[PDB]
Amino acid sequence: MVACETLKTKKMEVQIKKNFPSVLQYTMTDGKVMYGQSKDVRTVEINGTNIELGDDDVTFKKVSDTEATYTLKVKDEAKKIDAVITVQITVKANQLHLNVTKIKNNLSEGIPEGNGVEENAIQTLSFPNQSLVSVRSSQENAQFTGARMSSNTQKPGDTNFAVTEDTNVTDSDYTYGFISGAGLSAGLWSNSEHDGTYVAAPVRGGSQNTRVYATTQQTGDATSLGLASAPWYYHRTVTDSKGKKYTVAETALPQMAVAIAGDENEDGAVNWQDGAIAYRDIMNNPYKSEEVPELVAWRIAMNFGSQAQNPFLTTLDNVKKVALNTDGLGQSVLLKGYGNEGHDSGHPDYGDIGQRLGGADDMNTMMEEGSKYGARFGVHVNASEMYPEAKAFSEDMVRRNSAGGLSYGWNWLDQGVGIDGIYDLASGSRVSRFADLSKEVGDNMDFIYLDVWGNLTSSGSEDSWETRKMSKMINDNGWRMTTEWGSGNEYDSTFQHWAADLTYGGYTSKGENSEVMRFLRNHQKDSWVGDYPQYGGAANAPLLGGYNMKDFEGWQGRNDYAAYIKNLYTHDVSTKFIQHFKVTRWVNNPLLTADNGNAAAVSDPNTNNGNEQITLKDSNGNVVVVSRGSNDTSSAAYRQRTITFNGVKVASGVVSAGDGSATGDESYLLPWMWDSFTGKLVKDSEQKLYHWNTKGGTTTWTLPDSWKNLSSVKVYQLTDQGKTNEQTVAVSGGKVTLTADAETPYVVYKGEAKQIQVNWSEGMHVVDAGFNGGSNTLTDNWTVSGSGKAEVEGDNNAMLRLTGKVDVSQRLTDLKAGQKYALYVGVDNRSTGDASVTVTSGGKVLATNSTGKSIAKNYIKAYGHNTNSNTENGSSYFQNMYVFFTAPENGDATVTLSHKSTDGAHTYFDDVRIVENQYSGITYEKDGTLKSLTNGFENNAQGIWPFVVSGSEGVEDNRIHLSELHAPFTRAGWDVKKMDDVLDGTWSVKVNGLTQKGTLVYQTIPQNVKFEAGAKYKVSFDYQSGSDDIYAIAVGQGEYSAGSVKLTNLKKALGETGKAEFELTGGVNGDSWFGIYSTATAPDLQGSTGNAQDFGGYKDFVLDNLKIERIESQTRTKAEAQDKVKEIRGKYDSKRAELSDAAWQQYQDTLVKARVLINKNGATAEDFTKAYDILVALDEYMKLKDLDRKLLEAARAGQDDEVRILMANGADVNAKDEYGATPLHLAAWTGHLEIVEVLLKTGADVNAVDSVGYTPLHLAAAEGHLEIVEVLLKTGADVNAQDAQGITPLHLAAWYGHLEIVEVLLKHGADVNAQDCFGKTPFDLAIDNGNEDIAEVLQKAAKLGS
Amino acid sequence: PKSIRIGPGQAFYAX
Ligand SMILES: [Mn+2]
Ligand SMILES: [Mn+2]
Ligand SMILES: [Mn+2]
Ligand SMILES: [Mn+2]
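Residue numbers (the authors' numbering), protein chains in the order written: chain B, 339 to 1684; chain D, 1 to 15.
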């Protein structure tokens, strides 16, 4: 009978066809009608083939008055298609859902086990020109609005156009699509993982997901524009990098919907904004997006290269600090390096929680305890790059290129290899690794941060489909999705690092630039464009703000706590406040023009003088209206923004430019009316307002309706200690007057506010381990004793500062009796008197350790107290001091941090960490002196102990870490690998590519290994070095200064472990140490190309099984020692003139020290032996320092054979004079090619610089020795080496007039455009000295730069 | 101005 049926709700009646799942029309309660597919279109697409259905191919069943079921017989024998598709059409309110509930393939039994290939798989499905909802040219105000992806601030992702007779579109794809006309508006939602047309995206991470297809057709006189879903993936067949094919099941069954809207925002018009309001009821919502508005304080807490810079319980104290300063506002901490050894270590072993940070135990304590303060935690994971050390590393996981070789990644600590994305998904390997992490964290962790997804490292695909499957794995474990790139994961991501950290990428690589996407989802994502004016467009004071992310916990060296907090109040409190409301109207957008495809864009001259305005509303009917001052970019008023909450002004002014260029004048009094948990409204006594005034001053405000009848308010200034300086401010006629300091946070309450209670250092075995508890932490938690002074000093990261004779002690809690512990503390000692750490059980000393004056600066970029943090006087010598003890059976255990000296100098202590440690390799003498120290690096609490990282790279994410065993991948011989990562056990100390640095890589320090003045020690270790003489052993005293060290070159030991052993005599000051020096010798890459040069291990150095043993020395008499003083004296007293002031003062120091030992009352043979061994060591040092002085003279004078014998006898090839000139500098400058070449073949630094920044090449080129210049360039000299003044060898060649030297320099890579610090090029320097000949040649060379 | 002749520790701009 009738070929149509009627589905009905209280909001509309929909007429549907019985012969195909098609809507004829939607009729609202008010009579208004929207069309569907008015033509006989019965097309189904399977695998790219279109099949038109007959009357016999479709069966209909009206289930209810709100449901109908169809069965579509889709067949094409020729194209290998035979299927039964079950489509269900359901209605609810003003929504119509069309879902494919069942797919039956008659040409298949299904996907074979292990995701094998399904022959004749239904891979794709769509209904071409289904026209679920349509508008005609013949209808009043018939228009279309679409959105595509744009990460470019200058290019909007939107389209707004009128549907006219001329309109002709065919499957025009959009992320979102809305059609309006004849008083109604609707938008189509589909779950299609189709990738298509985008405006601007620098990556593929589901950035191109286009789910709506607009197509026009003729409906009589009119052109109808109809919306359909983009194709769906069912059983997609994919190929891995090794050519292996897989069939992977659906992420979800095909689903789509439409929501018909009238005048939803009740303005004049019916446009896409009405359709967008109704679309929110049918649209997909990212998992856990309902918590985004609460996440005020986003940051990164970083750990890298075995250093445990941020253990999990430390991160909880920083959560407690931020909570105090923000008065409990929600937080979101991304843990960058939560696993393995830290950041870019152990990928993709997601279930491996960093043992050195406190393992899964402390991570869960941090997470459980942190939730009480509104903090959410999440981990940084990588699904694209893998390291041989990761237990997931396999030949199947390895991404291979078309040639069958590795698809290498970045080499830093170890060499990264690309993961096979398709294998990792199809094998179900990734789900298994996420599950491992899920087993560790349970329901405690909040989010996952997926790094690099979209940059085509795992596949050349990484499409929306793959991203959807990825987001599902993560969501399935109860985790919110966050990713790297701004355009990435349109569907499921709630945060993009390159959208939230505005610093990164530049104006083309930011967040989602769309009025449509932000209107819909602003309150669900931190994936937008915020204020960063130097990008222009969307980044010039967006009205809705935008997350501006700063950090203070090591991420990229970032550690300014005050800057972090000031930024939260400047941009993020207002951004988050706005995310508590949903956009309802958005008119007069200055970015939308007729020239960028937005001719029909929403313009109201009766709203905000015709300038931009956004109206947002919430479920309780609260209205926020954010209005722009002027729409003219050249106006001062373009950056003026007023915010009203229920008609009352709450924020006003210009924000400080997000690029930190220019401060503003913005002042606000924002009503924060939500809890930091579910975001539920809080009770009246819990209701508060946040005050901020950028410029400082006095401002008058109207309080919200709720507060109008109060006679007074209570105002508190917020600090690192919480609510301070309580003020009682009167209320007159519902208005308050607040005096604010510039850029200072205040919180306003209706009455007296109870202070948030913070118990510092929970589970840390001590209370206030980080000294964050103010000046009163020394009264309440730590107990100070002594004549001296103990202060909590530090305006950023607080520290304990000791001056004079003082002891700071505290009782240790919750230690397991009989169990082995390691207690370490950061120490920077500027006093000459000892700084100590002691553990005691009822007066008895369990363990003790001490440092004299600190000798090594801190070079750990991700550590709070590195030498760029200015602990005192522009440096930081912070290094950890350890005590190893066994927890007492009685329970009584106490820690004391002492300074013994009466010396006015300061000692700095921070981060007392008591951790379970099974290390037991230190043996002491009868006196508390070192007898023996052994370490296989198997129980290192943290770092490369007893060693510390030196400054070969400066303040950096150092390429030194504890390397982990994973045979066969970490052993020599796998692929192009030639060195073993681990020598003995599971751990070693790896150095990656730190060659030709000419300086110290790492060294022991006296607070780690103390060498007694005059004592003999035998030092031995197992090692592997990629080349001959690239690394060397250094032996020195006190702070490192070049030339003061005794260097022993280490021979090549590649693939087969070598053994190094030597003797050491403790220096008189007890400041003796040994380490690993990077020479100036170039590595032998042995024919290796590209990545094989880095992976081969030709430039690496692995050390293991260290053994420091005090040894017996041949016994001397007072006479033998006294006789040696005469020998030394009548050898070097005659050189007073020939030596420096400091060189002679240390010679006297040592001699006096040795003479104290000999002449001491009651001295014994140990004293006479020590005095003799000190003098023997002094002799060997003086002798080699005179061999360096004599080599610098023979390079200057010209003696060939003399330079050779001095060198043969051990004179330093890189010795420096008073001006920092090496023998190679002095030979190149006085013109001796013979000396230069032999010096180069020996291992002289061809790029060594003097005080002024001259390389030997600069001195050679300035003097005109062209044969020397040619040798230097061939032996590896930088042709573009710059002076302190910016002078290059080309400038000096040009000014001094050496035509031939100029031509050879520019024959090699010399830049002719290169300018000094005074803008002069080599050409300008030639036209000043009269070398017009040189100037003409130089002019000609620059000309060719076209 | 611009140094007479440069060498070890002798900057190009000394006056
Ligand atoms: Mn409207
Ligand atoms: Mn601290
Ligand atoms: Mn070992
Ligand atoms: Mn490693």
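All C-beta atoms, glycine included, are put in the ideal place defined by N, C-alpha and C.
Within a 10 Å sphere around the beta-carbon of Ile1198/B sit 16 or more other beta-carbons, which makes this residue buried. Contact annotation, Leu929/B with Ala989/B: C-beta distance approximately 22 Å; criterion of less than 8 Å not satisfied.
Three or more Cβ pairs drawn from the stretch 831-845 of chain B and the stretch 866-881 of chain B lie within less than 8 Å of each other, which places the two stretches in contact.
The shortest CA-to-CA distance from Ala1398/B to any of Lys807/B, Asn1387/B, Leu695/B is the one to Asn1387/B. Here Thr1032/B has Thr908, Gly991, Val993, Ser994, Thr1001, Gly1002, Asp1003, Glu1004, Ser1005, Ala1080, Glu1081 as same chain residues with Cβ atoms under 8 Å from its own Cβ, once five neighbours each way along the sequence are excluded.
Taking all protein chains in view, the Cβ of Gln1452/B is surrounded by fewer than 16 other Cβ atoms within 10 Å, so the residue is classified as exposed. The C-beta of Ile6/D comes closer than 8 Å to at least one C-beta of chain B.
Set against 7 Å, the gap from the CB of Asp1058/B to the closest heavy atom of ligand 3 is not smaller. Secondary structure at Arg923/B: strand, using DSSP grouped into helix, strand and coil.
In this chain, the alpha helix (DSSP H) harbouring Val1607/B covers 1604-1612. Counting only Cβ-Cβ distances below 9 Å, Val1590/B has contacts in chain D at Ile6, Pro8, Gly9, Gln10, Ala11, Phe12, in chain order.
Chain-order list of chain D residues neighbouring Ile1625/B: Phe12, by C-beta distance under 7 Å. Per DSSP, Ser802/B is not a residue of any beta strand (DSSP E); the alpha helix (DSSP H) it occupies stretches across 802-813. Within the stretch 1544-1564 of chain B, the residues whose Cβ lies closer than 8 Å to any Cβ of chain D are, in chain order, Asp1555, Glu1556, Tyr1557, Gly1558, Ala1559, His1563, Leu1564.
In the structure shown, the three-state DSSP call for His1636/B is coil. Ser1363/B is positioned such that its CB atom lies closer than 8 Å to that of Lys1390/B.
Under the rule that a run must span 3 or more residues, the beta strand (DSSP E) segments found entirely inside the stretch 1018-1054 of chain B read 1026-1031, 1035-1040. Assignment of beta-bridge partners to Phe785/B by DSSP yields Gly716/B, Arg818/B. The Cβ neighbour count for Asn1047/B, taken over all protein chains shown within 10 Å, is under 16; the residue is labelled exposed.
Under the criterion of beta carbons closer than 8 Å, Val1221/B and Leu1303/B do not qualify as touching, at roughly 29 Å. In the three-state scheme derived from DSSP, where H, G and I count as helix and E and B as strand, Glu727/B is classed as coil. Not one heavy atom of ligand 1 sits closer than 7 Å to the Cβ of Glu853/B. Using a Cβ-Cβ cut-off of 8 Å, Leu1597/B counts as an interface residue toward chain D, since at least one Cβ of chain D sits closer than that to its own. In this structure, DSSP gives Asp1438/B a state outside helix and strand, which the three-state scheme calls coil. When only Cα atoms are considered, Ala421/B and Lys914/B end up about 50 Å apart.
For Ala1622/B, the closest Cβ of chain D is nearer than 8 Å. Note on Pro686/B: 16 or more other CB atoms within 10 angstroms of its CB, so buried under the neighbour-count rule. In chain order, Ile6 make up the part of chain D whose C-beta sits under 7 Å from the C-beta of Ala1600/B. Judged by the Cβ position, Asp612/B qualifies as a neighbour of ligand 1 at the 7 Å threshold, a heavy atom of the ligand being closer than this.
In the structure shown, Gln1424/B adopts coil according to DSSP, grouped into three states. At least one CB of chain D lies nearer than 8 Å to the CB of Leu1630/B.
DSSP assignment within the stretch 1234-1267 of chain B yields the following whole beta strand (DSSP E) runs of 3 residues or more, N-terminal first: 1244-1254, 1260-1262. Note that the C-beta distance between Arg486/B and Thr505/B is not below 8 Å. With respect to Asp578/B, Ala764/B sits close: the two C-beta atoms are nearer than 8 Å.
The three-state secondary structure of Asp1621/B, taken from DSSP, is coil. Ranked by how close their Cα comes to the Cα of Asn1669/B, the residues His1636/B, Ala1652/B, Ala1648/B, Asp1649/B have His1636/B in first place.
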